[PDB]
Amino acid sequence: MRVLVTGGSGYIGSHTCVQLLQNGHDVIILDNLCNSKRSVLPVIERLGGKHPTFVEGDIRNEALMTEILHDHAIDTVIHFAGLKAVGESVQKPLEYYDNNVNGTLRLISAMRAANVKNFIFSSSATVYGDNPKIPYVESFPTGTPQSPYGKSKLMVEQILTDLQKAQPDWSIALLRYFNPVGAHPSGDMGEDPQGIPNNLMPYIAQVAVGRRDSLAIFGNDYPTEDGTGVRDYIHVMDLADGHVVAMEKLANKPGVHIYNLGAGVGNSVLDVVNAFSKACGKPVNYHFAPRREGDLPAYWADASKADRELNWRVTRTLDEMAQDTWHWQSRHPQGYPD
């Protein structure tokens, strides 16, 4: 199929693009480069084994979106583009709402204009809000995200839902991601955050590479087995694979298809640290700090639905997640070149 991948040069999108190309689809990447570099493109094509077309631009530019859609005869759109720094979203809400809410709105508006009716959206477990019931299941009603980022994600899910209702021929997949980590097995592609990493894995990696002193473990008094926070980590490659499958199986299948994409099990901060220490051959330095604002104690996904309906499940392990990250970090300590 002909697919437009917004945010295609980013972490998750890049890996998805590679998997998409491997499956012989025709890929058009649309990215504004606010959080990625052009230097990833050649890697995508190399690892993907096929050339993806790249367009530098913004999802907020409806006219351009419409043009691309028509120009490339797109069949389906995978929408990864947007801003995702939780803390920053609290400090700069408007940017979040603009890029995520308006951004998606402009994009689907262009789709309507170009008669494109297959969409895949990068959603988040954040949409479940403060749910005491875990694991999280797609049948649970959504709650109230605590950050503007989280809220922006739920708002889009809602707008998408109403759109489908009004344009019942659309097939829209709401893919709720858990905690993506890992890197391509080659070690030549991976997450390349700029500045201080907000997420656990990359932070650990940076500590391991010798860039940072010690990992601050946010909280050690949680009602969990070891006192640290518990989450569902999923290898970016599994996530990527899930996207391809969802795209292939849901295209032209009318409805709003919601799926949690996670491993279906939780691991604590310590579990993650331990796996990394093992992967990098040295104990990762760390210390306990106070709980981080808005952090939930423990949650993970119930990924039965995706298994059942899409025959998709993760296949990479936590160790792999850690090994792959280390390999990329270690092979490319400066990330992608300017």
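Position 1 is the first residue in the sequence shown; the rest follow in order.
The mean Cα B-factor in the deposited entry runs higher for 129-137 than for the other of 105-113 and 129-137.
Of the two segments examined, 52-60 and 286-294, it is 286-294 that shows the higher average Cα temperature factor in the deposited entry. Annotation for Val273, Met65, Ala306, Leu33: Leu33 ranks highest, by Cα B-factor. Between the residues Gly242, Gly182, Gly143, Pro148, it is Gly143 that shows the highest Cα B-factor in the PDB record. Among the modelled residues of the chain, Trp170 sits in the middle third by CA temperature factor in this PDB entry.
Sort the modelled residues of the chain by CA B factor and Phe119 lands in the middle third. In the deposited entry, the Cα temperature factor of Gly82 sits in the bottom third of values across the chain's modelled residues. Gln329: CA B factor lies in the highest third for its chain, per the PDB record. Ranked by C-alpha B-factor against the other modelled residues of its chain, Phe178 falls in the highest third.
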